[PDB]
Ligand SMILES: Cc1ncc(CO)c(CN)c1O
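Here we start with a single chain on its own, the form deposited without the named molecule, put down as structure tokens.
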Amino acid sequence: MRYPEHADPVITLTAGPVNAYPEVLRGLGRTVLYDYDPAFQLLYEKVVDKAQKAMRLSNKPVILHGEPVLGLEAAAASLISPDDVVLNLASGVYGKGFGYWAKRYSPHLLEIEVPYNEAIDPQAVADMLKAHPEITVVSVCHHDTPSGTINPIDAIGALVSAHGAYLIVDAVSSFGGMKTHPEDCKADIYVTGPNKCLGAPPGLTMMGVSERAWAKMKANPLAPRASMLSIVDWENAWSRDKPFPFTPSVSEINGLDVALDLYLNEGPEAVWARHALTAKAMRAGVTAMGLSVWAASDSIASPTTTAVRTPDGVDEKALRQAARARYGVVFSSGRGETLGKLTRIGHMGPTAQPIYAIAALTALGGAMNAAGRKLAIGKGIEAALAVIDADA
């Protein structure tokens, strides 16, 4: 049998979007209220409170009403002034990408760039900060998703703080799937969204903003105002007694309310543990069947996405097509520099269950062997299962 391209797949095991939690799908269909209805104003306030609790935040996170690329661009537009000296950290497609936004708001850009399967060495950051005391803003991506690798943002953040500089973090593809919070890395702007590990659809930004960052942006006359890119306009909009700059995405808010309920109710630690175990099992299965994990070492491999290097002579696009057509299972391509060079299996929210690593490994193995490889698929499943049983 074959699954046609026009029809739904059986399992989406991508690095996001994945199908949302079923409770969230239902939550998206909640009553759409007028945004100035007193019941919605109370709801919105409560959703901000739930976000604050989930993000372990000492102050209110800001919800912005676009998918997290809005928070990332807006953070650059608001926190980076033309006299700032920005140090961008790039270990992948998104990290490198952020440097273009920094360059938009300040002409002074320093960068540390490493190969796109490695992580940023905190010591290289320390060295650069010593060499360049004029640095005022540092930007970093936690999980550079097209690579399935993790940067040590907490150790980086402590150094940035040591040098009196501001920190911007992209935690879009990491928050909720591992232990990470604005406080943990001393972030001044920490950008995430519910559309990766939190198992909601794209549409909203969750942004932690330090009191120091508030002061800086508010004093910046170039910080966007009366703009979709404005953070400062949203400063008090959490409050049931205050207006919204423009109409909030009411249905996405209902979905986020549910996503947060699920996370808080399951218990964030339990949620992180199942992501990490699923990815661990996946990596063990990948290695045991005769494939290689992309990341240069296992210690920097993401618990929320496994990237698998494409063997020579293997068309990565035909591989993904074959996994879907044969087995109903969808994986992600790479992006930019990793496009064509690896395949990505997400472990995110509802897909972060070890049984899905088993399903992923089988579909991946199957498609590889269809392409003429001779993978030990059984050995792979057994290695992944040994990982799961060892944790039991």
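Residue indices: 1-based, along the sequence shown.
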Could you check the entry and say whether 265-273 or 307-315 has the higher mean CA B-factor? 307-315
Of 106-114 and 201-209, the one with larger mean CA B-factor: 106-114
Quick one: which of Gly177, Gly97, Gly193, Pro248 has the biggest Cα B-factor according to the entry? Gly97
In terms of its chain's C-alpha B-factors, the third that includes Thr351 is the lowest
So where's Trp234 on the chain's Cα temperature factor ranking, which third? lowest
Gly71: C-alpha B-factor third of its chain, per the entry, is the lowest
In terms of the chain's CA B-factor thirds, is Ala384 lowest, middle or highest? middle
Where the record places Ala39 (Cα B-factor, split into thirds across the chain): middle
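Heads up, the form deposited with the named molecule bound isn't pictured, but that's what we're talking about next.
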Note: the named molecule not shown here; in the deposited complex, the stretch from 78-86, 137-145, 274-282, 108-116 having heavy atoms within 4.5 Å of it is 137-145
Though the named molecule is not shown, can you say which of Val69, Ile358, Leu33, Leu28 has a heavy atom within 4.5 Å of it in the deposited complex? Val69
I need to confirm a contact call. Of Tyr166, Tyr94, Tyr263, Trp234, which residue comes within 4.5 Å of the named molecule in the deposited complex, counting heavy atoms only? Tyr94
Consider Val172 of the chain shown here, and say whether it contacts the named molecule in the deposited complex, taking contact as heavy atoms within 4.5 Å. yes
